[PDB]
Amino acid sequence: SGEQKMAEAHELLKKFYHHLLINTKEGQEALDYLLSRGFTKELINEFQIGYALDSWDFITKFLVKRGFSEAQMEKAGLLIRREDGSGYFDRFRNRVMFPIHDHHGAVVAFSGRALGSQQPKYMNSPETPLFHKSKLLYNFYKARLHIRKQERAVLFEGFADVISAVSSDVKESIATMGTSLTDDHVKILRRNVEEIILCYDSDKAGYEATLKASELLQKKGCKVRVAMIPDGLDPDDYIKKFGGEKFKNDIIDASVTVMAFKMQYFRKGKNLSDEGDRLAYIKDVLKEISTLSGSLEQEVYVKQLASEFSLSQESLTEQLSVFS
């Protein structure tokens, strides 16, 4: 009953935030800045992007005038209570507003991109009775039927990368919102598709998240591949530098196995010209190879090691047996 109040406010605010972006003077600085970073108004209306004015109480007064309890709206994640107990203010101020739809198309939260210095850069609704990030996959309600048509899903972190991908014609794109992939997410993904492509940031945190996401996904029978962004780029940086078509064609459609990805990951921080690092890398890769099913799959990757380092397969195989 109170949850229905929080839902109706979110539906209303999506329309209004969008209205302020498209139809007011204040919205201009955000609208122009959006267009200047690749947004088309086809995208703005498609994702119903909006703008929250740079005020403390504009939406607080807006909701109270319309009969909404401030404390409900605080439980909804829309307002914050003054630490000193004097009242309530707008959680989302001077941000570009991205609505977060649950898997049936109902708005349950927002993500706001700071225009300016306020922190965080990206502010998200907290846990509310409506919004549980451990079960929601951003863009899933729009992506579901593309995931089934393409027989694959492309999994990002954060909404920004998803919108760049959709723009790049990867409509089977979804993301986690401020959280690692969870078992609830894997159960939803598995019900809908077998193939999953991870496309994460290429910094050290992204690499650990890729490794962790793919262990959860493989345990449940998902066929997993890894999109690998070259240099030190995140997906959106690639899309802007080279364009959506190259991203789709040479990144998403050339994604590699989990084992091929580990074989790159395990290289970082190692000097493969140093005998100790060279050996540790090899042994680390053979330990992963030993968890693969079947000699054929194992042999495929043992052969890359034999070839890249000019080592006999006999001694790589002898070391493999140790681990198994």
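One-based numbering along the sequence shown.
Higher mean CA temperature factor between 73-81 and 113-121: 113-121, per the PDB entry. Once the C-alpha B-factors are averaged per stretch, 231-239 and 245-253 rank with 231-239 first.
Between the residues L43, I282, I289, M263, the entry's highest C-alpha temperature factor is the one at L43.
Within the listed group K212, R152, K133, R225, the record reports its top CA B-factor for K133.
Sort the modelled residues of the chain by CA B factor and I59 lands in the highest third.
When the modelled residues of the chain are ordered by C-alpha B-factor, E208 sits in the middle third. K171: CA B factor in the lowest third of modelled residues in this chain (values from the PDB entry). In this PDB entry, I22 carries a Cα temperature factor that places it within the highest third of its chain's modelled residues. In the PDB entry, a CA B factor belonging to the highest third of its chain's modelled residues is recorded for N94.
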